[PDB]
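**Student:** Have a look at the structure that comes next, please.
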Amino acid sequence: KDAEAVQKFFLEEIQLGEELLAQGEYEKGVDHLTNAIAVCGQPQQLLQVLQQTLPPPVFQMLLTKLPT
Amino acid sequence: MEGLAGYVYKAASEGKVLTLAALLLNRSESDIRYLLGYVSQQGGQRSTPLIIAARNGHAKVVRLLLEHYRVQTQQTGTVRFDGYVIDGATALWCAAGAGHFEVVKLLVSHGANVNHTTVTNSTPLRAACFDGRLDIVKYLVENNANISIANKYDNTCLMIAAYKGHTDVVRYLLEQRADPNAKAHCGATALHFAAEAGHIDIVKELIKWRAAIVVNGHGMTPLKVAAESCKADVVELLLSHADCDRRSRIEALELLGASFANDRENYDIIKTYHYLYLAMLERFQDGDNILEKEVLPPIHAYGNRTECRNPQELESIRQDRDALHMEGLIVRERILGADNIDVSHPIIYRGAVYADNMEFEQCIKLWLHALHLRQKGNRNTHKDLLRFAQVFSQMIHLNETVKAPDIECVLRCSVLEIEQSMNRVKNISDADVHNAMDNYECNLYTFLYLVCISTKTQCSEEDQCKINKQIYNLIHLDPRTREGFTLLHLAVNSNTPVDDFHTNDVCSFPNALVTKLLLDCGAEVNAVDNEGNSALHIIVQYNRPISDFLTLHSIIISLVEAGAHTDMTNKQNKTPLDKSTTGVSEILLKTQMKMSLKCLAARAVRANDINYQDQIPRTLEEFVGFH
């Protein structure tokens, strides 16, 4: 449930998120990042990195979407 | 581990910051610490993820590596750009070598070294100035880049920018109190490079900034450097420097006019005559201070023409274009000197056009002088000998004749060049050993082409004796190729490369005449290569036994009459009878083969695995060694 298989799964999820996020699909990117965070139950490292390396609007949406 | 690190490197090469936001996250501390600093070899280069990320100019991944991981920023690596491979590089050096300003700003703001050199001592400021961007150079200078730091070849920060023609960069460098009176190994003073590259703006900026108009190592001031390369604008700018006196002005005009006569890019013979005429007027403008031209011996290579002494003589060759070419050659050889590097190139070109208009006598006359000048400078003459082979073979192909002293002179030059190439190959450790070996093999092939052409001509007895003496002088050295082939081995080999340009018409290998000449001159007929094949092994291993049956017949007869063993064994322990790939060659060799009871006994010993080592006499220790 948390092995390398789902690790590669959400790796591909955030890869497509990066691709469509540079392409402009911010809703698709935030949905894919939600699917990526919804498998690893405590990604504090990504919780801090994506607060910094991400553009302010996309993570501003995503942080609000995380309680939902 | 290694596979995931390679994936990290692959994603960081494309700058996939989100991929590295998981491949290097949600892990422990020391498990990824090696991964961040793991060098990954790819595309024939070695680099860390930071180095390749800065090389591809991705600021997000570099910022994440410099902020969330605190990766050390003085890592070393390799360089793919700048035409070559430079090791000992730096992340900042790779970033500044392509113009990516933001990654340079991030690296300098988070702990990189502005003066971190390379194996060639190239500071990042030198890379940024070679790229040409001005803002990055301004920022790097403002962060104390030590603008006076040179490189391994002593090319300072200003000289590379002056050569590359970035006028803003040289203007800023001279604004920040650089060294305009710089030096290098060749003696260039940052204005020789600008004049050679023909950049008027950088020359103007350096002149305005109190440059040093001083002669370099090769005996050429920047004014004479500009006149050597037909740069009229650079000559005009440097000629109003108010310290050129009067001799150097007329010398510059004479050299510029001479260079315009036979330069491939800037060929203009009206300009040549008019610049020479302006120089002669400036010489003959004073009643009592006629700056009379230096007397020159009449070189036979230029039709025995002497340099013009008065404008009355120059007015008589304003329409003699084939004489104005010779006047340009004479003037630029008098001015540049016989020992200068850039004298042989026009002499070749004026030869080459004479080779184009079926006028090969003057082509040989010019090219031999160019070859002699390049030979007595310890330069590289591998291409000029190939040009000689091509022009000789084009002479032979068109039913023309080749003078035997010309072939003798070219053969002597080729023998000297092969000697110098052997010395260079045995002396160089690892710098250009592949290039030196390729040049050596090309020189050997050129010598074989020249020997074939000499056989295809008609030579006098003394000239033939001289040619054979030069061939024997080479053969006594026993030159070898990469595979160990001697001259005879290639001369009996159908796999010997022949260049497509004007040598396939004459020099066809294997050639019976070349083989007979080499065997008569004293070639080692029993010699073997690294594979162990003899000359007989190569010639029976042939694929045209009927098409040139006369050639194969004569080569096999000559090889067996010279005294080669007909049952020698190579490294695979094969006799030339078994190596014979065609029935005709095997039949002919078997007819030529004469049996020996010594050979039969040696073959019996080799087949029976008798312990003949330290038992039979020493000479028979060699005999049985190859049956």
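By convention in this document, the chains of the structure tokens carry letters A, B, ... by their order, each chain's residues are numbered from 1, and ligands are numbered from 1 in the order they are shown.
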Neighbours of residue 15 (chain A) within 9 Å (only C-alpha atoms; same-chain residues fewer than 6 positions away dropped), as a PyMOL selection string?

**Tutor:** chain B and resi 16+18-19

**Student:** Based on only C-alpha atoms, which of the residues in chain A come within 8 Å of chain B? I want them as a PyMOL selection string.

**Tutor:** chain A and resi 11+14-15+18+43-46+49+53

**Student:** Once you have the residues from the selection above, write them out as a PDB file, in the first residue's frame, restricted to C-alpha atoms.

**Tutor:**
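Below is the file out-v9.pdb, written as the result:
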```pdb
ATOM      1  CA  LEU A  11       6.122   9.776  -9.203  1.00  0.00           C
ATOM      2  CA  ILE A  14       3.671  14.488 -10.179  1.00  0.00           C
ATOM      3  CA  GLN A  15       5.564  14.081 -13.472  1.00  0.00           C
ATOM      4  CA  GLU A  18       4.749  19.150 -13.790  1.00  0.00           C
ATOM      5  CA  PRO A  43       4.957  13.632   3.401  1.00  0.00           C
ATOM      6  CA  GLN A  44       6.254  16.438   5.620  1.00  0.00           C
ATOM      7  CA  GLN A  45       9.290  16.894   3.362  1.00  0.00           C
ATOM      8  CA  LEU A  46       7.129  17.532   0.300  1.00  0.00           C
ATOM      9  CA  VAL A  49       9.295  21.849  -0.296  1.00  0.00           C
ATOM     10  CA  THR A  53       9.666  25.556  -4.890  1.00  0.00           C
TER      11      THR A  53
END
```

**Student:** Would you please extract all alpha helix (DSSP H) residues from region 91-185 of chain B, as assigned by DSSP on the backbone, and give them as a ChimeraX atom specification?

**Tutor:** /B:91-96,101-109,124-131,134-142,157-164,167-175

**Student:** Contacts of region 203-217 of chain B at 8 Å or less, counting only C-alpha atoms, minus same-chain residues fewer than 6 places along, as a ChimeraX atom specification?

**Tutor:** /B:167,170-171,174,180-181,185-189,191,194-195,234,237-238,241

**Student:** Please, could you write that set of residues out with C-alpha atoms as a JSON list (two decimals), in the first residue's frame?

**Tutor:**
```json
[["chain", "number", "residue", "atom", "x", "y", "z"],
["B", 167, "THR", "CA", 32.88, 44.85, -27.65],
["B", 170, "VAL", "CA", 36.04, 44.35, -23.49],
["B", 171, "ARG", "CA", 34.66, 47.84, -22.82],
["B", 174, "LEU", "CA", 38.86, 47.97, -19.60],
["B", 180, "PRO", "CA", 45.43, 45.92, -21.57],
["B", 181, "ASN", "CA", 49.17, 45.23, -21.86],
["B", 185, "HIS", "CA", 52.58, 32.08, -24.65],
["B", 186, "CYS", "CA", 52.42, 33.27, -28.27],
["B", 187, "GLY", "CA", 53.10, 36.83, -27.09],
["B", 188, "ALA", "CA", 49.65, 38.16, -28.02],
["B", 189, "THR", "CA", 48.75, 41.32, -26.12],
["B", 191, "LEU", "CA", 45.17, 43.39, -29.55],
["B", 194, "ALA", "CA", 41.30, 41.52, -32.03],
["B", 195, "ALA", "CA", 43.29, 42.35, -35.17],
["B", 234, "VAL", "CA", 41.95, 47.24, -38.69],
["B", 237, "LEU", "CA", 42.65, 52.15, -37.48],
["B", 238, "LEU", "CA", 46.00, 50.92, -36.13],
["B", 241, "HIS", "CA", 48.21, 55.31, -33.68]]
```

**Student:** Pick the closest to residue 546 (chain B) from B:134, B:428, B:513, B:588: which is it, counting only C-alpha atoms?

**Tutor:**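 Ranking B:134, B:428, B:513, B:588 by distance to residue 546 (chain B), first place goes to B:588.
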
**Student:** Fewer than 3 positions away in the same chain doesn't count, so skip those; otherwise give me all residues within 12 Å of residue 63 (chain A), counting only C-alpha atoms, as a PyMOL selection string.

**Tutor:** chain A and resi 30-31+33-34+37+46-48+50-51+54+56-60+66-68

**Student:** Compile the contact shell of region 308-315 of chain B as a list in words: residues with an atom at most 6 Å away, counting only C-alpha atoms, same-chain residues fewer than 2 positions apart removed.

**Tutor:**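 Near neighbours after the sequence-gap exclusion: residues 280, 293, 317 and 318 of chain B.
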